[PDB]
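*Asks:* Once you've had a glance at the structure underneath, I'll fire off some questions.
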Amino acid sequence: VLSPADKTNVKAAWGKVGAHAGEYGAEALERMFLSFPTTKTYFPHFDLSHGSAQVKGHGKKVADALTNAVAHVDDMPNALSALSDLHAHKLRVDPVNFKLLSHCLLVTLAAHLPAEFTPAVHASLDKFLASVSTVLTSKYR
Amino acid sequence: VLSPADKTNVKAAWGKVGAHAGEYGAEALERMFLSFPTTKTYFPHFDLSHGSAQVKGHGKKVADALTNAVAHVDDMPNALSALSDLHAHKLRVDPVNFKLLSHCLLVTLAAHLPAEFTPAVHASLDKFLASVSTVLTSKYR
Amino acid sequence: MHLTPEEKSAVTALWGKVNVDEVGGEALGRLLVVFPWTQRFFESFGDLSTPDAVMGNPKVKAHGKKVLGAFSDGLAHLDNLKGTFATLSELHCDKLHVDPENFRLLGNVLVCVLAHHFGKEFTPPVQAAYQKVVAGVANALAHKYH
Amino acid sequence: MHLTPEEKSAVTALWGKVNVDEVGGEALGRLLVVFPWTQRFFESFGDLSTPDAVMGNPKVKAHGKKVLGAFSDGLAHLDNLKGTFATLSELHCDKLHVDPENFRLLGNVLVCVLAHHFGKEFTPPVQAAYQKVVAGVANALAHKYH
Ligand code: HEM
Ligand code: HEM
Ligand code: HEM
Ligand code: HEM
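Chains as they are written, first to last, in PDB author numbering: chain A, 1 to 141; chain C, 1 to 141; chain D, 1 to 146; chain B, 1 to 146.
This is how it looks when you write it as structure tokens:
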């Protein structure tokens, strides 16, 4: 579970993301596609080329959802219900892939928020992404 | 989340285990040690030889805890508080390992409860070991 | 493989007693039931709404036999799984879009089916040799992903 | 270890800019902080009760430097990691009893550390090369486990 400390950390680091969330979302996807090519099996229908608008479009969607979970940090299961349903029932992404994206999101943030990406913040952001992933996978079986 | 069917399935299957749980505990560890030798890193102080009393004893211990978990299938978090503590603050076993013992446990039940190890029961037991795993690693950080 | 002559012989000898028809059908069906999300690739098979509907689905049983078939032939090239599954690796990537993680789920399901079937015969040492093969097979199949 | 020449040049160019003393301490400290369970191996290091107590612990810094030291040597033998890491693999298994999953956690933390330090210079493609490298090293460190 996320502690008050964690919550503060997350709201703060995410606070700094601001308006770049969209671009950071797109970037985390590309990093993921390049480092863990097996994740590409879920986007057979996408143009995964560099600067793909589909990827841009998708990065924004992911970022909006994360931004929504930060806004509702005390009621994530409910704030993310719909997305939890979609993933469990339609997309059916294998659970192991959540950890891969999480990882790429952490790399992206680290690469953009050097002053904020402290050990303490890093730890909080990692527990956070793990919790989002848990929610999104909760209705799988 | 364990459905009512699942809870039923589990209680049934474990019901048949009966006075052999200890032996099945011991057998599952032995299978874990041989199939996933990296798991042995947590038992440097044990004699991991076949039929070792240390392994046997530990087998009982684990089996017993599972029993207690089936019994409090409705309140696992509470029934295993202490165990969650021990693992999070003392043993500190890496989370990946729980999935390995869970698998060796299915294999063991399967090999001993042919009639009872139906597809639906298999699914339930898996979910159950998963839940048990979540409980035991919930206070890790 | 990093199989011991002894480990090779154990694998080989149990396999001889396997009904691929039955084990193939059961392994694939169990997969679709335990890990419901793997059903995403088999929508055209029909009703997989229940264990019963999965286990009974002929399309499932027949796909299961095809898969264990190929697996079975791979046990004859245990010293070059890579070269045996190369074409199948490309297919799975480029045509089917199957996440290699699926190969690992099945492997473990396979092991549970063998234990189920052989009881006593499926000893810790025999399971150990099989775990190495399933891992080996999964790796070979995933080898050509890009 | 499928490092294309261009992947290998990229690993090597960036590694040129690293202060192993520094990166070593940061990577190890951060591991102990993000995945506190890993602190099980260092009860003789003293106070690891808070982030500052960990990050600043003279023992953690000195150990980090040692670790990254061995890793750097690894980077000069990308061709023979298994060979390079064999006595270390044995030691970690037989004497230290370190679960190999620890090697993968450290690799991921290291990647975040490099991102932290190089910012924009740590491009998607450079990360992908480093991902292959930390995995190759973790595999080499686990090769002698039994
Ligand atoms: C915390 C991590 C994740 C978040 C926040 C997230 C969120 C989302 C959102 C907001 C959408 C779009 C739904 C819509 O159409 O409104 C989506 C779709 C999708 N996601 Fe997830 N997702 C996550 C993890 C993953 C992972 C790890 C994968 C696979 C590697 C994945 C695969 C997909 C796919 C294939 C789609 C559909 C895209 C399309 O066809 O346009 N997701 N996700
Ligand atoms: C299925 C989930 C598990 C359950 C229910 C379980 C249960 C237990 C129990 C009941 C004990 C003994 C407590 C006591 O001594 O009073 C124990 C101790 C221990 N467990 Fe866990 N365990 C689980 C998973 C694991 C795994 C996967 C590992 C490592 C691979 C592990 C490593 C240990 C160790 C090293 C000990 C201490 C042994 C000793 O020194 O006597 N446990 N566990
Ligand atoms: C033991 C590992 C596996 C082996 C040896 C294997 C082998 C095969 C073979 C031989 C085919 C026949 C297709 C052809 O030649 O055109 C096939 C098709 C296919 N496999 Fe795999 N497979 C494996 C695992 C999986 C898994 C785990 C899944 C998904 C859960 C999967 C999904 C499929 C699908 C969707 C097809 C296409 C069948 C069709 O055309 O309807 N495979 N596989
Ligand atoms: C890149 C991966 C790693 C490398 C290259 C590496 C390298 C080393 C080296 C060179 C030593 C000293 C050898 C000696 O004492 O003779 C050492 C010791 C040690 N390593 Fe590793 N290491 C790695 C990862 C880890 C991790 C991730 C952990 C624990 C999470 C760990 C735990 C230890 C411990 C506990 C010692 C002994 C410390 C002492 O003197 O008390 N190592 N390692």
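Beta carbons: idealized from backbone N, C-alpha and C, even for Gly.
#1: Kindly give me the distance between the Cβ atoms of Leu78/B and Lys8/B, rounded to whole angstroms, as I take these residues to be in contact under 8 Å.
#2: Could you check whether the Cβ of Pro100/B sits closer than 7 Å to any Cβ belonging to chain C?
#3: Going by C-alpha distance, which of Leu106/B, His146/B, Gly74/B, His117/B is nearest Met1/B?
#4: What ranges does the alpha helix (DSSP H) occupy inside the region 89-119 of chain D, keeping only unbroken runs of at least 4 residues that lie completely in it?
#5: Does any residue of chain D have a CB that is nearer than 7 Å to the CB of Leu34/C?
#6: Which class does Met76/C belong to by DSSP, given the choice of helix, strand or coil?
#7: From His72/A to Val10/C, what distance separates their C-alpha atoms?
#8: Which runs of the alpha helix (DSSP H), 4 residues or longer, sit entirely within the region 32-91 of chain D?
#9: If the cut is a Cβ gap below 7 Å, which residues of chain D does residue 160/A touch?
#10: Measure the alpha-carbon distance for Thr134/C versus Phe98/C and round it to whole angstroms.
#11: Considering only residues of the same chain and omitting the five flanking positions on each side of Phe42/D, which have a CB-CB separation below 8 Å?
#12: With a floor of 3 residues, list each beta strand (DSSP E) that falls wholly inside the region 18-48 of chain C, ordered by position along the chain.
#13: When every heavy atom of ligand 1 is checked, does at least one fall within less than 6 Å of the C-beta of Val23/B?
#14: Scan the region 83-117 of chain C for residues whose Cβ lies nearer than 7 Å to a Cβ of chain A and list them as they occur along the chain.
#15: With a threshold of 7 Å between beta carbons, is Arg141/A in contact with chain D?
#16: So that I know if they touch, is there some Cβ in chain A lying closer than 7 Å to that of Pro36/D?
#17: Report back the beta-carbon spacing between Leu114/B and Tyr130/B to the nearest angstrom; my notes put them in contact at under 8 Å.
#18: Per DSSP, what kind of secondary structure is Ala115/C in: helix, strand or coil?
#19: Which same chain residues end up closer than 6 Å to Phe46/A when comparing Cβ atoms and leaving out the 5 residues on each side of it in sequence?
#20: Is it the case that the CB of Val93/C approaches a heavy atom of ligand 2 more closely than 6 Å?
#21: To the nearest whole angstrom, what separates the beta carbons of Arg30/D and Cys112/D, a pair I think is in contact under 8 Å?
#22: Determine the contact status of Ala111/C and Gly107/D, defining contact as a CB-CB distance below 7 Å.
#23: Apart from the five residues just before and just after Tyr42/A, which ones in its own chain have a Cβ nearer than 8 Å to its Cβ?
#24: So the candidates are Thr137/A, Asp126/A, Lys139/A, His87/A; which of them puts its Cα closest to the Cα of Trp14/A?
#25: I need the straight-line Cα distance from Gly57/A to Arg31/C, nearest angstrom please.
#26: Should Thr39/C be listed as close to ligand 2, given that the test is whether its C-beta is under 6 Å from any heavy atom?
*Replies:* Let me spell this out:
#1: With a contact defined as Cβ atoms closer than 8 Å, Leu78/B and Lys8/B qualify at about 6 Å.
#2: A Cβ of chain C is located within less than 7 Å of the beta carbon of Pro100/B.
#3: Closest option to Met1/B, Cα to Cα, is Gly74/B.
#4: Listed in chain order, the complete alpha helix (DSSP H) runs (minimum 4 residues) inside the region 89-119 of chain D are 101-118.
#5: Yes, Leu34/C lies at the interface with chain D (some Cβ there is under 7 Å from its Cβ).
#6: The answer is helix: DSSP assigns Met76/C an H, G or I state.
#7: The straight-line gap from Cα to Cα measures roughly 36 Å.
#8: As far as the region 32-91 of chain D is concerned, its whole alpha helix (DSSP H) runs of at least 4 residues are 51-56, 58-74.
#9: Shown here, chain A extends from 1 to 141; a query on residue 160/A therefore has no answer.
#10: In a straight line, the C-alpha of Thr134/C is about 9 Å away from that of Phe98/C.
#11: Here the set comprises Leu32, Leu48, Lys59, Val60, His63.
#12: Counting whole runs of 3 or more residues, the region 18-48 of chain C contains no beta strand (DSSP E) stretch at all.
#13: Closer than 6 Å to some heavy atom of ligand 1: that does not describe the Cβ of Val23/B.
#14: Correct list: empty, as no residue qualifies.
#15: Interface residue, yes.
#16: So, interface residue.
#17: Confirmed, Cβ separation roughly 6 Å.
#18: DSSP places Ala115/C in coil when its eight states are reduced to three.
#19: Excluding residues within five positions, the ones whose Cβ falls inside 6 Å are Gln54.
#20: Checking the Cβ of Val93/C against ligand 2 gives yes.
#21: The beta carbons of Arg30/D and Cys112/D sit about 7 Å from each other, so the pair counts as a contact at 8 Å.
#22: In this structure, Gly107/D does not lie closer than 7 Å to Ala111/C by Cβ.
#23: Excluding positions up to five away in sequence, the list reads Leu91, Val93, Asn97.
#24: Here the closest residue by C-alpha is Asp126/A.
#25: Roughly 48 Å between the two C-alpha positions.
#26: It does: the Cβ of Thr39/C is within 6 Å (strictly closer) of some heavy atom of ligand 2.
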